[PDB]
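Just one chain is shown here, as structure tokens, and it is the form deposited in one PDB entry.
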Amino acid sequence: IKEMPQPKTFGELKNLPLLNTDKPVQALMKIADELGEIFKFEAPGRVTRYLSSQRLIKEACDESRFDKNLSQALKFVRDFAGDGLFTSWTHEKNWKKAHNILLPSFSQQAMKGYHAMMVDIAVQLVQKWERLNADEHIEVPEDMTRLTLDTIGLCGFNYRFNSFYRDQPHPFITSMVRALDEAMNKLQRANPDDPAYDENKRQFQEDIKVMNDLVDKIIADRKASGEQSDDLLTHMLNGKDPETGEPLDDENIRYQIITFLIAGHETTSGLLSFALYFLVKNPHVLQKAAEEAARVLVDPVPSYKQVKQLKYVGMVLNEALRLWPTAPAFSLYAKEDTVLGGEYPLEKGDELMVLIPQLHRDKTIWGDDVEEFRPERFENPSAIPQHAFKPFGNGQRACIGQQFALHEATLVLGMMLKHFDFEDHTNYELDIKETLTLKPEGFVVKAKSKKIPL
């Protein structure tokens, strides 16, 4: 039995002011580098423990011992994401119900159905870049966010956000981004009942209303038309849970669609942005990935089967997820009294945080070169130990979107590498912006067309 280290305290505020930063995950990573595989983190009326080693995380990922916790961030996002899949407890009836109904909608097999819609948005991205003038550059996270938001709108509910037709976001997106910023800003507030925050609260309720109003209208419009489009909204209006025999009600469907729109906007766009960053910083890797894209994507429109052959592009995406897992932390609670790692006794209900970027830098697993971008680490997936690599979380509460995100990201990165050469024309210095997710802020490149027709 060891005593856990704890970072610096602020009297009665304990560790809470360490999150008074726009980069809380990066702060926690630097604390992990100083303190090691486990540290205690305290706020008024809150204790959690941050885990960084595969040795401890492999136990935390034992579903017989630990279940998904809603962190303070997830409790605040639940105010507009409700009991959708991401912000539900495992024991809530609507978690297992929605999970059983939606799993077949998110399978590898289902990606054959979504492919044509993904190609539609991906071709819009390639056409935007083809149409740039010689003097112009690409705003990488901006364009990747235009893409991922449009892909989930179209595959989700046959709705065109038309992000490539706009400087300024759809009204839904303005409310969604402002609601997320408010949820994330609330974490570090030592005094949240302060009247300074009355404007925030009035605005928050207005953004929740806007989100509910468009999504409720889209569900109502689809029920009215009777149209049977092959999208997630159709699957949710028609689907029945084999266990309860019930369908999802319209309120839960609204929380699922809100959840899927946040995920598409926030997650896959980050992965693609980090992938392009690492490619332009590692020209040998860029060359190897571009040879594969040229050899495999022989048709003007990529096919589902062709995207599955992009093995090296998949390895690039996994190496980007290793260094900068886009959704970098998840929360667990002890189902019963238990001893973590033969050293740290926990009581039933005790919370753990998994610091995925730190897990991904465990030198006992990956070797001394952990900071280097080497997709070849992923050449043989069998060589990666259980629970060493967890960008999609864990067990039955793992990312339902994983096949969808990797299919979209592989298709789009394949087409980018086929159609363009890329220049890091500003020698961009990595600056990682944090919301729920990570993105490389201010990342810009120039693309030179290889002039291959669509």
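Residue positions are given as counts along the sequence shown, with the first one as 1. Rigid core: the largest C-alpha set superposing within 1.5 Å between the two forms.
S.K.: Averaged over C-alpha atoms, is the B-factor higher for 186 to 194 or for 320 to 328 in this PDB entry?
M.R.: Averaging CA B-factors over each stretch, the winner is 186 to 194.
S.K.: On mean C-alpha B-factor from the PDB entry, just flag whether 211 to 219 or 287 to 295 is the higher one.
M.R.: Averaged over C-alpha atoms, the B-factors run higher in 211 to 219.
S.K.: I'd like to know which of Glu130, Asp120, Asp143, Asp181 has the highest C-alpha temperature factor in the PDB entry.
M.R.: It is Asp181.
S.K.: When the CA B-factors of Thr259, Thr148, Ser175, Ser71 are compared as recorded in the entry, which is the largest?
M.R.: If I rank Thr259, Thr148, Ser175, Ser71 by C-alpha B-factor, first place goes to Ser175.
S.K.: Among the modelled residues of its chain, does the C-alpha B-factor of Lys96 lie in the lowest, middle or highest third?
M.R.: For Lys96, whose C-alpha B-factor we compare with every modelled residue in the chain, the answer is the middle third.
S.K.: For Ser105, does the deposited CA B-factor place it in the lowest, middle or highest third of the chain?
M.R.: Its C-alpha B-factor, which the entry lists for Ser105, ranks in the middle third among residues of this chain.
S.K.: Among the modelled residues of this chain, does the Cα B factor of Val444 put it in the lowest, middle or highest third?
M.R.: Within its chain, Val444 is a middle-third residue by C-alpha B-factor, going by the deposited values.
S.K.: Lowest, middle or highest third of the chain for the C-alpha temperature factor of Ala43?
M.R.: Answer is highest: the recorded C-alpha B-factor places it there.
S.K.: Looking at the temperature factor on the CA atom of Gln205, which third of the chain's modelled residues does it land in?
M.R.: Ranked within chain, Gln205 CA B lands in the highest tercile.
This next part talks about the form deposited in another entry, which is not shown.
S.K.: Tell me, which of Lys112, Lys308, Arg166, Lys217 is the one whose C-alpha shifts by at least 2 Å between the shown form and the other one, with the rigid core superposed?
M.R.: So the residue whose C-alpha moves 2 Å or more is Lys217.
S.K.: Do you see a C-alpha shift of 2 Å or more at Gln256 between the shown form and the other one, with the core held fixed?
M.R.: Shift at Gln256: below 2 Å after core fit.
S.K.: For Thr267, is the C-alpha shift between the shown form and the other one 2 Å or more after core superposition?
M.R.: No, the C-alpha position differs by under 2 Å between the shown form and the other one.
S.K.: With the core lined up, does the C-alpha of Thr326 move 2 Å or more between the shown form and the other one?
M.R.: No; that C-alpha moves by less than 2 Å between the shown form and the other one.
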